[PDB]
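Only one chain is included here, represented as structure tokens and corresponding to the form deposited in one PDB entry.
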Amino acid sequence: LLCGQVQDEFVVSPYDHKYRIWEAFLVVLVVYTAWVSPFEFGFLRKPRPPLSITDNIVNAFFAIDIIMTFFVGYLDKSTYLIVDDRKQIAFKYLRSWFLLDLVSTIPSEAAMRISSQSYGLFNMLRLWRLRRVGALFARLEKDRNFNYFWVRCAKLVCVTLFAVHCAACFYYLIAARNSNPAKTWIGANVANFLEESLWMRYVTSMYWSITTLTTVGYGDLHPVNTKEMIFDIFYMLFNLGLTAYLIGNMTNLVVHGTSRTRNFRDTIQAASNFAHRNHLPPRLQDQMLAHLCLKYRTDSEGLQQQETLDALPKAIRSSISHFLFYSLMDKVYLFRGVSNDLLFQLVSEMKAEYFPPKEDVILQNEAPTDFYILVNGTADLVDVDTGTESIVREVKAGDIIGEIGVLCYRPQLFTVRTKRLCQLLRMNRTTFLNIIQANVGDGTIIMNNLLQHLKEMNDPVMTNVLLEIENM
């Protein structure tokens, strides 16, 4: 019960802290300009002081960014190194985006000087600064410290808010830039717009955009002339896909999060209900559920370890195995006095594994393929040669399992049952023979083996007698 509950539960680097803390500051300005540019494009025809001053400030900041970005190295994809070549940095920045960044920094006063018909379509050029938020969202998605669900939710919220704002600004622009204002969507409802506060018109247009996007459609503020009808047709066509995309993303976030818990939940629910019904055992039913809980943990760790390995080079896997098991392997009785390099080679190919309690790692009278070594827990040696399952000896962490059968090429002697959650490490017979063959120190192993057979009475002696007869 307790276990089951637990289971359920002067250039600069592009990575400097002083540069990352400043690049992220430009996201605030990107948000500000993304809000301002459609509002200025729709509701304003001439630069007003309280907005023009801030626009000039932001343009100066982005010009500072442009003049600074020439001193920032990048990471080559074919080298994974900082380029640190001012010749290459400039010829990459110019080819990637330099004129687009430049045109998005000219103050609106200069645009008006060129032509008064401008300053509407010129402010929309400042939307080019929206690549920074996309790059930031990509980095956040490819980052571990930030939750995927909240990142996706924030991205969706930003997208829908920007769409609402842009649509509202465009639709109010269509309303205002029209003779006979009484024949417009807002002129047929208020009948006195272009005279009251800008805040009222902004909130009215935003309310219309929100009602149209969420498909509420109250009925006030509806298109009258043909241009508004066409724009609203296209807007609703976009909104259908936008809502479908939002629903799909929400479904995707809702699923695959609790999905991998449900396999465990139902595979244990079947066991629990089968135990509860059909002559419920007193305590055996409690034993089996703990075994299932341990197995679900064992295979997951046995798979995560297998997944993270076999994808790394041998040079680092060998180092990891040496860090984990070389110290423990020094206590192995067979490898006593052998050359030190052979120990390293053996450790580098040990293939650690895990086993649930009451599991038969080796069964009696089987083909000799592998020999095991204990790391954690303990196991009991049993044999059915006498007709009964009686234990012979208990092996603790630090002894070999079934080494007699593999060395002498004969079927195993005793069935090994792990009375506890045991971590083992097994290496094949063919690999052992290959390693021994490409070496000169191998007599010590057989001397240690034969010495060990003497310490056990009459169980190995028959095998020892056979080996002595077979050696001659």
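Numbers follow the displayed sequence, beginning with 1. Take the two forms, find the largest set of C-alpha atoms that superpose within 1.5 Å, and that set is the rigid core.
The next section is about a form of this same protein that is not shown, the form deposited in another entry.
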Just one entry of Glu109, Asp299, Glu141, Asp85 has its C-alpha move 2 Å or more between this form and the one not shown under rigid core superposition, and it is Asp299
Using the core for the fit, does the CA position of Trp208 change by 2 Å or more between this form and the one not shown? no
CA of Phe39, rigid core aligned, shift of 2 Å or more between this form and the one not shown: no
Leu309 C-alpha relocation of at least 2 Å between this form and the one not shown, rigid core basis: yes
